[PDB]
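Printed here is data-v8.cif (mmCIF, C-alpha atoms and all ligand atoms):
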data_coords
#
loop_
_atom_site.group_PDB
_atom_site.id
_atom_site.type_symbol
_atom_site.label_atom_id
_atom_site.label_comp_id
_atom_site.auth_asym_id
_atom_site.auth_seq_id
_atom_site.Cartn_x
_atom_site.Cartn_y
_atom_site.Cartn_z
ATOM 1 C CA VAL A 1 -160.424 105.365 207.481
ATOM 2 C CA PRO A 2 -159.800 103.562 204.147
ATOM 3 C CA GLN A 3 -159.008 106.056 201.412
ATOM 4 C CA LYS A 4 -161.871 107.044 199.043
ATOM 5 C CA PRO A 5 -163.377 104.586 196.488
ATOM 6 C CA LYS A 6 -162.879 104.829 192.732
ATOM 7 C CA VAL A 7 -165.151 104.093 189.768
ATOM 8 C CA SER A 8 -164.047 102.063 186.809
ATOM 9 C CA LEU A 9 -165.905 101.371 183.611
ATOM 10 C CA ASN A 10 -165.745 98.198 181.597
ATOM 11 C CA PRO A 11 -165.348 99.070 178.775
ATOM 12 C CA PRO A 12 -163.110 102.121 179.645
ATOM 13 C CA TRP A 13 -164.963 104.346 177.199
ATOM 14 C CA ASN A 14 -166.785 107.120 179.060
ATOM 15 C CA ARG A 15 -168.276 108.146 175.692
ATOM 16 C CA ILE A 16 -170.544 105.541 174.164
ATOM 17 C CA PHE A 17 -173.180 105.241 171.474
ATOM 18 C CA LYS A 18 -176.845 104.981 172.169
ATOM 19 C CA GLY A 19 -177.719 101.341 172.800
ATOM 20 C CA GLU A 20 -174.354 100.061 174.004
ATOM 21 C CA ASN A 21 -173.739 98.648 177.455
ATOM 22 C CA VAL A 22 -171.175 99.679 180.032
ATOM 23 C CA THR A 23 -170.468 98.530 183.589
ATOM 24 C CA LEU A 24 -169.513 100.762 186.492
ATOM 25 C CA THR A 25 -167.625 99.302 189.374
ATOM 26 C CA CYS A 26 -166.745 100.841 192.692
ATOM 27 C CA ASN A 27 -163.054 100.381 193.663
ATOM 28 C CA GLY A 28 -161.160 98.268 196.206
ATOM 29 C CA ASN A 29 -161.517 99.573 199.749
ATOM 30 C CA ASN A 30 -160.745 96.430 201.750
ATOM 31 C CA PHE A 31 -159.861 92.778 201.081
ATOM 32 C CA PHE A 32 -163.171 92.010 202.727
ATOM 33 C CA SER A 33 -173.500 98.246 201.308
ATOM 34 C CA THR A 34 -173.103 100.144 197.988
ATOM 35 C CA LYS A 35 -174.714 103.508 197.100
ATOM 36 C CA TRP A 36 -174.718 104.788 193.524
ATOM 37 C CA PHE A 37 -175.433 108.372 192.626
ATOM 38 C CA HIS A 38 -176.549 109.221 189.100
ATOM 39 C CA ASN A 39 -176.336 112.961 188.417
ATOM 40 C CA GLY A 40 -176.346 113.173 192.191
ATOM 41 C CA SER A 41 -179.556 111.250 192.867
ATOM 42 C CA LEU A 42 -179.300 108.086 194.942
ATOM 43 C CA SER A 43 -179.903 105.150 192.640
ATOM 44 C CA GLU A 44 -182.200 102.268 193.499
ATOM 45 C CA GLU A 45 -179.119 100.201 192.706
ATOM 46 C CA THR A 46 -177.258 98.997 195.781
ATOM 47 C CA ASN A 47 -174.884 96.349 194.387
ATOM 48 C CA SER A 48 -171.147 96.958 193.821
ATOM 49 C CA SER A 49 -171.607 97.138 190.059
ATOM 50 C CA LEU A 50 -173.919 99.400 188.112
ATOM 51 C CA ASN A 51 -174.933 97.987 184.744
ATOM 52 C CA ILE A 52 -176.094 100.354 182.033
ATOM 53 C CA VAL A 53 -177.831 98.312 179.367
ATOM 54 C CA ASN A 54 -178.918 99.815 176.045
ATOM 55 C CA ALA A 55 -177.606 103.289 176.835
ATOM 56 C CA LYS A 56 -180.048 106.135 176.567
ATOM 57 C CA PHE A 57 -178.929 109.769 176.422
ATOM 58 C CA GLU A 58 -180.655 109.943 179.810
ATOM 59 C CA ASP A 59 -177.866 107.739 181.112
ATOM 60 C CA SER A 60 -175.380 110.494 180.282
ATOM 61 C CA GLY A 61 -174.201 112.544 183.236
ATOM 62 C CA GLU A 62 -172.042 112.314 186.363
ATOM 63 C CA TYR A 63 -171.848 109.302 188.654
ATOM 64 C CA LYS A 64 -170.459 108.672 192.131
ATOM 65 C CA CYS A 65 -170.320 105.604 194.309
ATOM 66 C CA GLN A 66 -169.839 105.540 198.072
ATOM 67 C CA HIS A 67 -169.499 103.266 200.937
ATOM 68 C CA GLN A 68 -171.198 104.322 204.188
ATOM 69 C CA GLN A 69 -169.415 107.212 205.937
ATOM 70 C CA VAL A 70 -166.437 106.915 203.660
ATOM 71 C CA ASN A 71 -166.532 109.921 201.466
ATOM 72 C CA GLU A 72 -167.904 109.588 198.016
ATOM 73 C CA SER A 73 -165.814 108.840 194.955
ATOM 74 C CA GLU A 74 -164.592 111.304 192.357
ATOM 75 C CA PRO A 75 -167.250 111.975 189.683
ATOM 76 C CA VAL A 76 -167.169 110.110 186.377
ATOM 77 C CA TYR A 77 -168.876 111.657 183.404
ATOM 78 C CA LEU A 78 -170.532 109.389 180.918
ATOM 79 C CA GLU A 79 -171.853 110.657 177.591
ATOM 80 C CA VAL A 80 -174.097 108.838 175.085
ATOM 81 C CA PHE A 81 -173.792 109.634 171.391
ATOM 82 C CA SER A 82 -175.584 109.027 168.152
ATOM 83 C CA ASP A 83 -173.357 109.286 165.112
ATOM 84 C CA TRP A 84 -171.539 107.187 162.518
ATOM 85 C CA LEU A 85 -168.101 107.742 164.061
ATOM 86 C CA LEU A 86 -167.156 108.313 167.621
ATOM 87 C CA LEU A 87 -163.730 108.956 169.010
ATOM 88 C CA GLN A 88 -163.452 107.090 172.305
ATOM 89 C CA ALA A 89 -160.756 107.769 174.790
ATOM 90 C CA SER A 90 -159.283 105.903 177.679
ATOM 91 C CA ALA A 91 -159.540 109.116 179.652
ATOM 92 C CA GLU A 92 -159.962 112.787 178.828
ATOM 93 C CA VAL A 93 -157.547 113.887 181.524
ATOM 94 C CA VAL A 94 -154.329 111.888 181.577
ATOM 95 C CA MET A 95 -151.497 112.040 184.063
ATOM 96 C CA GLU A 96 -148.276 112.609 182.173
ATOM 97 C CA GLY A 97 -146.337 109.408 181.633
ATOM 98 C CA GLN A 98 -149.427 107.190 181.591
ATOM 99 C CA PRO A 99 -150.912 105.334 178.586
ATOM 100 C CA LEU A 100 -153.347 107.035 176.283
ATOM 101 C CA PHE A 101 -155.472 105.064 173.901
ATOM 102 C CA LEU A 102 -157.972 106.145 171.331
ATOM 103 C CA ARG A 103 -160.493 104.439 169.239
ATOM 104 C CA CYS A 104 -162.271 105.425 166.093
ATOM 105 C CA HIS A 105 -165.400 103.476 167.021
ATOM 106 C CA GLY A 106 -167.996 102.906 164.308
ATOM 107 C CA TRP A 107 -171.705 102.648 165.024
ATOM 108 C CA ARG A 108 -172.792 99.065 165.760
ATOM 109 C CA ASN A 109 -169.118 98.258 165.533
ATOM 110 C CA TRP A 110 -169.270 98.949 161.816
ATOM 111 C CA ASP A 111 -166.286 98.426 159.593
ATOM 112 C CA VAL A 112 -164.367 101.622 159.139
ATOM 113 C CA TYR A 113 -161.344 101.746 156.875
ATOM 114 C CA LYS A 114 -158.800 104.376 155.952
ATOM 115 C CA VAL A 115 -158.858 105.388 159.639
ATOM 116 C CA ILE A 116 -156.743 108.340 160.715
ATOM 117 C CA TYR A 117 -156.460 110.100 164.029
ATOM 118 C CA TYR A 118 -155.427 113.721 164.330
ATOM 119 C CA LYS A 119 -154.163 115.845 167.159
ATOM 120 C CA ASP A 120 -154.893 119.508 166.567
ATOM 121 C CA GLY A 121 -155.612 119.144 162.865
ATOM 122 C CA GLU A 122 -152.332 117.300 162.305
ATOM 123 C CA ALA A 123 -152.213 113.520 161.913
ATOM 124 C CA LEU A 124 -150.576 111.515 164.686
ATOM 125 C CA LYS A 125 -147.996 108.998 163.543
ATOM 126 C CA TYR A 126 -146.349 106.019 165.188
ATOM 127 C CA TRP A 127 -148.938 105.239 167.842
ATOM 128 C CA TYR A 128 -149.269 101.593 168.660
ATOM 129 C CA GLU A 129 -152.111 100.864 166.296
ATOM 130 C CA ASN A 130 -154.223 97.780 166.042
ATOM 131 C CA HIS A 131 -157.583 97.790 164.267
ATOM 132 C CA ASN A 132 -158.856 97.863 167.837
ATOM 133 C CA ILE A 133 -156.964 100.961 169.121
ATOM 134 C CA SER A 134 -153.892 103.230 169.260
ATOM 135 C CA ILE A 135 -151.721 103.910 172.322
ATOM 136 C CA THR A 136 -148.880 106.176 173.371
ATOM 137 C CA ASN A 137 -146.968 107.120 176.518
ATOM 138 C CA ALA A 138 -148.498 110.353 177.820
ATOM 139 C CA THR A 139 -146.477 113.552 177.180
ATOM 140 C CA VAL A 140 -147.386 117.115 178.057
ATOM 141 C CA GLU A 141 -147.029 117.541 174.293
ATOM 142 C CA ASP A 142 -149.662 114.914 173.534
ATOM 143 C CA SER A 143 -152.132 117.353 175.066
ATOM 144 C CA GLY A 144 -154.576 118.842 172.588
ATOM 145 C CA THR A 145 -157.835 118.150 170.760
ATOM 146 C CA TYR A 146 -158.413 114.869 168.912
ATOM 147 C CA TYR A 147 -160.791 113.568 166.265
ATOM 148 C CA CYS A 148 -160.584 110.675 163.809
ATOM 149 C CA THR A 149 -161.802 110.097 160.269
ATOM 150 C CA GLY A 150 -162.533 106.961 158.305
ATOM 151 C CA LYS A 151 -164.427 105.612 155.362
ATOM 152 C CA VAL A 152 -167.753 103.852 155.924
ATOM 153 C CA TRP A 153 -169.520 102.062 153.083
ATOM 154 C CA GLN A 154 -168.041 104.487 150.511
ATOM 155 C CA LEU A 155 -167.983 107.780 152.362
ATOM 156 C CA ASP A 156 -165.599 109.593 154.597
ATOM 157 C CA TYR A 157 -166.734 110.699 158.005
ATOM 158 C CA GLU A 158 -165.210 112.611 160.809
ATOM 159 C CA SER A 159 -165.867 112.454 164.484
ATOM 160 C CA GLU A 160 -166.703 115.208 166.931
ATOM 161 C CA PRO A 161 -163.445 116.635 168.124
ATOM 162 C CA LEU A 162 -162.363 115.685 171.650
ATOM 163 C CA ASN A 163 -160.268 117.549 174.219
ATOM 164 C CA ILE A 164 -157.443 115.683 175.932
ATOM 165 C CA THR A 165 -155.102 117.122 178.552
ATOM 166 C CA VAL A 166 -151.923 115.543 179.841
ATOM 167 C CA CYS A 167 -151.459 117.059 183.290
ATOM 168 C CA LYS A 168 -147.668 117.223 183.708
HETATM 169 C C1 LIG B 201 -177.809 113.638 183.705
HETATM 170 O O1 LIG B 201 -177.281 114.918 183.380
HETATM 171 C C2 LIG B 201 -176.835 114.997 182.007
HETATM 172 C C3 LIG B 201 -176.209 116.368 181.834
HETATM 173 O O2 LIG B 201 -174.816 116.340 182.127
HETATM 174 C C4 LIG B 201 -177.985 114.703 181.011
HETATM 175 O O3 LIG B 201 -177.442 114.610 179.676
HETATM 176 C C5 LIG B 201 -178.115 115.192 178.617
HETATM 177 O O4 LIG B 201 -179.235 114.366 178.283
HETATM 178 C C6 LIG B 201 -180.010 114.897 177.181
HETATM 179 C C7 LIG B 201 -181.181 113.965 176.974
HETATM 180 O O5 LIG B 201 -181.945 113.870 178.164
HETATM 181 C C8 LIG B 201 -179.151 115.037 175.924
HETATM 182 O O6 LIG B 201 -179.916 115.703 174.908
HETATM 183 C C9 LIG B 201 -180.522 114.884 173.978
HETATM 184 O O7 LIG B 201 -179.741 114.943 172.773
HETATM 185 C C10 LIG B 201 -180.279 114.104 171.736
HETATM 186 C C11 LIG B 201 -179.274 114.045 170.586
HETATM 187 O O8 LIG B 201 -178.372 115.177 170.640
HETATM 188 C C12 LIG B 201 -178.177 115.960 169.473
HETATM 189 O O9 LIG B 201 -176.824 115.932 169.032
HETATM 190 C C13 LIG B 201 -176.396 114.674 168.450
HETATM 191 C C14 LIG B 201 -174.933 114.853 168.032
HETATM 192 O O10 LIG B 201 -174.792 115.880 167.052
HETATM 193 C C15 LIG B 201 -177.319 114.276 167.275
HETATM 194 O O11 LIG B 201 -176.977 112.974 166.827
HETATM 195 C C16 LIG B 201 -178.783 114.278 167.715
HETATM 196 O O12 LIG B 201 -179.623 114.000 166.608
HETATM 197 C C17 LIG B 201 -179.141 115.630 168.308
HETATM 198 O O13 LIG B 201 -179.005 116.626 167.298
HETATM 199 C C18 LIG B 201 -181.669 114.602 171.346
HETATM 200 O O14 LIG B 201 -182.181 113.774 170.310
HETATM 201 C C19 LIG B 201 -182.615 114.601 172.581
HETATM 202 O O15 LIG B 201 -183.876 115.251 172.266
HETATM 203 C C20 LIG B 201 -184.608 114.764 171.163
HETATM 204 O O16 LIG B 201 -184.601 113.341 171.070
HETATM 205 C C21 LIG B 201 -185.245 112.664 172.173
HETATM 206 C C22 LIG B 201 -185.047 111.173 171.960
HETATM 207 O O17 LIG B 201 -185.021 110.843 170.576
HETATM 208 C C23 LIG B 201 -186.726 113.068 172.264
HETATM 209 O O18 LIG B 201 -187.296 112.501 173.438
HETATM 210 C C24 LIG B 201 -186.879 114.596 172.309
HETATM 211 O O19 LIG B 201 -188.254 114.930 172.156
HETATM 212 C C25 LIG B 201 -186.058 115.273 171.195
HETATM 213 O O20 LIG B 201 -186.669 115.008 169.941
HETATM 214 C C26 LIG B 201 -181.963 115.353 173.748
HETATM 215 O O21 LIG B 201 -181.981 116.744 173.493
HETATM 216 C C27 LIG B 201 -177.898 115.858 176.224
HETATM 217 O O22 LIG B 201 -177.042 115.859 175.088
HETATM 218 C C28 LIG B 201 -177.174 115.253 177.423
HETATM 219 N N1 LIG B 201 -176.010 116.042 177.753
HETATM 220 C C29 LIG B 201 -174.804 115.496 177.666
HETATM 221 C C30 LIG B 201 -173.613 116.420 177.866
HETATM 222 O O23 LIG B 201 -174.628 114.296 177.434
HETATM 223 C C31 LIG B 201 -178.620 113.358 181.377
HETATM 224 O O24 LIG B 201 -179.724 113.082 180.524
HETATM 225 C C32 LIG B 201 -179.052 113.387 182.845
HETATM 226 N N2 LIG B 201 -179.686 112.140 183.220
HETATM 227 C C33 LIG B 201 -180.609 112.138 184.175
HETATM 228 C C34 LIG B 201 -181.422 110.864 184.374
HETATM 229 O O25 LIG B 201 -180.825 113.116 184.891
HETATM 230 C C1 LIG B 202 -143.417 106.837 179.985
HETATM 231 O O1 LIG B 202 -142.465 107.909 179.979
HETATM 232 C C2 LIG B 202 -141.967 108.218 181.302
HETATM 233 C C3 LIG B 202 -141.049 109.427 181.152
HETATM 234 O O2 LIG B 202 -140.261 109.303 179.938
HETATM 235 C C4 LIG B 202 -139.256 110.267 179.756
HETATM 236 O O3 LIG B 202 -139.392 110.890 178.488
HETATM 237 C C5 LIG B 202 -139.164 110.028 177.326
HETATM 238 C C6 LIG B 202 -139.342 110.835 176.075
HETATM 239 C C7 LIG B 202 -137.794 109.369 177.371
HETATM 240 O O4 LIG B 202 -136.769 110.318 177.159
HETATM 241 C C8 LIG B 202 -137.565 108.660 178.759
HETATM 242 O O5 LIG B 202 -136.216 108.126 178.900
HETATM 243 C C9 LIG B 202 -137.879 109.632 179.879
HETATM 244 O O6 LIG B 202 -137.674 109.053 181.157
HETATM 245 C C10 LIG B 202 -141.235 106.996 181.849
HETATM 246 O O7 LIG B 202 -140.440 107.321 183.030
HETATM 247 C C11 LIG B 202 -140.840 107.005 184.320
HETATM 248 O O8 LIG B 202 -141.434 108.194 184.874
HETATM 249 C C12 LIG B 202 -141.717 108.114 186.292
HETATM 250 C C13 LIG B 202 -142.280 109.464 186.694
HETATM 251 O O9 LIG B 202 -142.850 110.134 185.578
HETATM 252 C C14 LIG B 202 -140.442 107.783 187.088
HETATM 253 O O10 LIG B 202 -140.746 107.653 188.472
HETATM 254 C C15 LIG B 202 -139.830 106.487 186.573
HETATM 255 O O11 LIG B 202 -138.602 106.226 187.244
HETATM 256 C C16 LIG B 202 -139.570 106.644 185.087
HETATM 257 N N1 LIG B 202 -138.987 105.435 184.549
HETATM 258 C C17 LIG B 202 -138.008 105.509 183.652
HETATM 259 C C18 LIG B 202 -137.612 104.217 182.957
HETATM 260 O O12 LIG B 202 -137.428 106.561 183.375
HETATM 261 C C19 LIG B 202 -142.300 105.912 182.023
HETATM 262 O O13 LIG B 202 -141.780 104.755 182.645
HETATM 263 C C20 LIG B 202 -142.784 105.577 180.603
HETATM 264 N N2 LIG B 202 -143.722 104.470 180.600
HETATM 265 C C21 LIG B 202 -143.702 103.597 179.593
HETATM 266 C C22 LIG B 202 -144.008 102.140 179.888
HETATM 267 O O14 LIG B 202 -143.433 103.926 178.442
HETATM 268 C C1 LIG B 203 -176.270 94.835 175.869
HETATM 269 O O1 LIG B 203 -176.483 93.815 176.835
HETATM 270 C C2 LIG B 203 -177.777 93.215 176.691
HETATM 271 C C3 LIG B 203 -177.944 92.259 177.855
HETATM 272 O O2 LIG B 203 -177.810 92.941 179.095
HETATM 273 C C4 LIG B 203 -177.917 92.545 175.313
HETATM 274 O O3 LIG B 203 -179.299 92.208 175.119
HETATM 275 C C5 LIG B 203 -179.591 90.879 174.897
HETATM 276 O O4 LIG B 203 -179.851 90.730 173.498
HETATM 277 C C6 LIG B 203 -180.189 89.378 173.136
HETATM 278 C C7 LIG B 203 -180.338 89.357 171.632
HETATM 279 O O5 LIG B 203 -179.401 90.228 171.017
HETATM 280 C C8 LIG B 203 -181.468 88.946 173.854
HETATM 281 O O6 LIG B 203 -181.765 87.594 173.538
HETATM 282 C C9 LIG B 203 -181.286 89.082 175.361
HETATM 283 O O7 LIG B 203 -182.513 88.792 176.013
HETATM 284 C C10 LIG B 203 -180.830 90.498 175.716
HETATM 285 N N1 LIG B 203 -180.522 90.574 177.132
HETATM 286 C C11 LIG B 203 -181.315 91.256 177.953
HETATM 287 C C12 LIG B 203 -181.019 91.154 179.442
HETATM 288 O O8 LIG B 203 -182.255 91.948 177.557
HETATM 289 C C13 LIG B 203 -177.482 93.480 174.170
HETATM 290 O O9 LIG B 203 -177.345 92.730 172.970
HETATM 291 C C14 LIG B 203 -176.173 94.213 174.476
HETATM 292 N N2 LIG B 203 -175.948 95.241 173.475
HETATM 293 C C15 LIG B 203 -174.773 95.337 172.854
HETATM 294 C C16 LIG B 203 -174.541 96.586 172.021
HETATM 295 O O10 LIG B 203 -173.894 94.473 172.933
HETATM 296 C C1 LIG B 204 -159.788 122.038 173.035
HETATM 297 O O1 LIG B 204 -158.480 122.630 173.039
HETATM 298 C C2 LIG B 204 -158.413 123.850 172.273
HETATM 299 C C3 LIG B 204 -156.967 124.322 172.317
HETATM 300 O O2 LIG B 204 -156.303 123.862 173.487
HETATM 301 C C4 LIG B 204 -159.376 124.909 172.837
HETATM 302 O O3 LIG B 204 -159.507 125.958 171.860
HETATM 303 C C5 LIG B 204 -158.777 127.122 172.033
HETATM 304 O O4 LIG B 204 -159.581 128.015 172.820
HETATM 305 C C6 LIG B 204 -158.966 129.303 173.020
HETATM 306 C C7 LIG B 204 -159.857 130.071 173.977
HETATM 307 O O5 LIG B 204 -160.161 129.294 175.127
HETATM 308 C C8 LIG B 204 -158.780 130.009 171.672
HETATM 309 O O6 LIG B 204 -158.152 131.270 171.865
HETATM 310 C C9 LIG B 204 -157.913 129.139 170.762
HETATM 311 O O7 LIG B 204 -157.834 129.727 169.471
HETATM 312 C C10 LIG B 204 -158.493 127.727 170.646
HETATM 313 N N1 LIG B 204 -157.558 126.881 169.927
HETATM 314 C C11 LIG B 204 -157.961 126.165 168.882
HETATM 315 C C12 LIG B 204 -156.919 125.300 168.192
HETATM 316 O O8 LIG B 204 -159.117 126.177 168.468
HETATM 317 C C13 LIG B 204 -160.782 124.341 173.118
HETATM 318 O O9 LIG B 204 -161.478 125.232 173.976
HETATM 319 C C14 LIG B 204 -160.766 122.957 173.757
HETATM 320 N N2 LIG B 204 -162.100 122.393 173.705
HETATM 321 C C15 LIG B 204 -162.886 122.439 174.774
HETATM 322 C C16 LIG B 204 -164.344 122.048 174.585
HETATM 323 O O10 LIG B 204 -162.482 122.783 175.884
#
I need this file expressed as structure tokens, please.
Amino acid sequence: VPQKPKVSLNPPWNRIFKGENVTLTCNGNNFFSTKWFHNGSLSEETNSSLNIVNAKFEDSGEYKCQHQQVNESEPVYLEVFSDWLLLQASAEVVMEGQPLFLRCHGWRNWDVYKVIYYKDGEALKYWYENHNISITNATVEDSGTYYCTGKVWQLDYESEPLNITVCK
């Protein structure tokens, strides 16, 4: 009885804007029939990878993938947004000691400057930043709510806060 399958998204963002694409893939079970469940309803998709093109809020929700008589995977919650700024996260629940990366993602990959992430109101400093993202080794301290800010065109926006937990 091979252990249970696992879903991975490419990109890793489980929070995406309306109109973006994301691919879901069911994990490695053997070297060597797929069944996708969207919000718990068997999908007409049977291939190993589920492609979500031009995301629609309707695509938000839970997802599971299962091989025949091998118990289903752990649920993955996707969520489509519509806003100027969106704080994307590698994962919302991180196992202490693992990597945590964030991303102040602008709509249509718009140029955002003066970016600044914050953990519980306070700015986070010294994360490995790169216009693309910021990373850090997970700590039980890193737990808390996040949200970034940045200037677009000439204005300063702020994203919807986000709740991240580092299970010690
Ligand atoms: C699987 O199950 C999940 C639940 O976990 C469902 O997810 C919900 O899906 C609905 C849409 O079906 C989402 O609600 C929609 O929100 C839109 C925008 O949200 C508001 O907030 C943002 C952020 O502040 C604003 O940008 C935005 O303007 C809104 O203020 C609404 O626009 C939608 O209704 C309106 O727009 C649509 C399309 O334009 C019109 O058709 C409507 O008439 C109306 O004018 C809608 O309310 C909800 O947020 C989702 N929940 C979560 C947590 O993501 C999945 O949809 C479901 N999928 C299936 C197939 O079962
Ligand atoms: C991420 O951090 C963990 C734990 O780091 C500890 O706390 C830091 C502040 C610093 O004081 C470190 O020296 C501490 O060890 C790293 O540790 C690994 O943790 C796993 C279990 O959690 C353990 O089995 C490994 O043996 C640990 N390895 C080491 C070198 O201690 C973890 O490796 C770090 N990951 C990266 C790449 O940063
Ligand atoms: C999401 O992926 C789709 C393809 O799956 C992209 O849509 C293509 O867009 C080009 C022009 O931009 C068209 O010529 C193609 O016909 C489209 N493909 C399909 C299958 O319709 C889309 O651009 C991607 N969106 C993002 C945000 O990258
Ligand atoms: C994000 O995390 C914060 C803090 O961990 C949560 O807010 C706290 O909620 C408790 C009650 O559950 C309040 O007594 C505290 O005052 C709140 N703290 C702050 C700083 O506001 C919040 O619930 C989490 N967000 C979500 C959606 O779970």
Which of A:162, A:167, A:16, A:55 sits closest to ligand LIG 204 (chain B) [using only C-alpha atoms and all ligand atoms]: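 Looking only at the distances to ligand LIG 204 (chain B), the closest residue turns out to be A:162.
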Contacts of residue 39 (chain A) at 6 Å (all atoms listed in the file; same-chain gap of 3+ positions) as number ranges by chain: A: 61-63
Evaluate the PyMOL selection byres (((not hetatm)) within 6 of (chain B and resi 201)) and report residues as an MDAnalysis selection string: chainID A and resid 39 57:61 79:80 82:83
Given the PyMOL selection byres (((not hetatm)) within 8 of (chain B and resi 202)), the residues it picks as a PDB file with C-alpha atoms, in the coordinates of the input:
ATOM      1  CA  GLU A  96    -148.276 112.609 182.173  1.00  0.00           C
ATOM      2  CA  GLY A  97    -146.337 109.408 181.633  1.00  0.00           C
ATOM      3  CA  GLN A  98    -149.427 107.190 181.591  1.00  0.00           C
ATOM      4  CA  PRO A  99    -150.912 105.334 178.586  1.00  0.00           C
ATOM      5  CA  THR A 136    -148.880 106.176 173.371  1.00  0.00           C
ATOM      6  CA  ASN A 137    -146.968 107.120 176.518  1.00  0.00           C
ATOM      7  CA  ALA A 138    -148.498 110.353 177.820  1.00  0.00           C
ATOM      8  CA  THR A 139    -146.477 113.552 177.180  1.00  0.00           C
TER       9      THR A 139
END
Neighbours of point (-173.7, 102.2, 170.9) within 12 Å, using all atoms listed in the file, written as a PyMOL selection string: chain A and resi 11+13-22+52-57+79-86+88+105-110
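Every protein, DNA or RNA residue with an atom at most 6 Å from region 119-134 of chain A, where all atoms listed in the file count and chain neighbours fewer than 2 positions away do not, is listed here: residues 101, 102, 103, 117, 136, 145 and 146 of chain A.
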Selection result of the PyMOL selection byres (((chain A and resi 33) around 9) and not hetatm) on this file, as a ChimeraX atom specification: /A:34-35,46-48,66-68
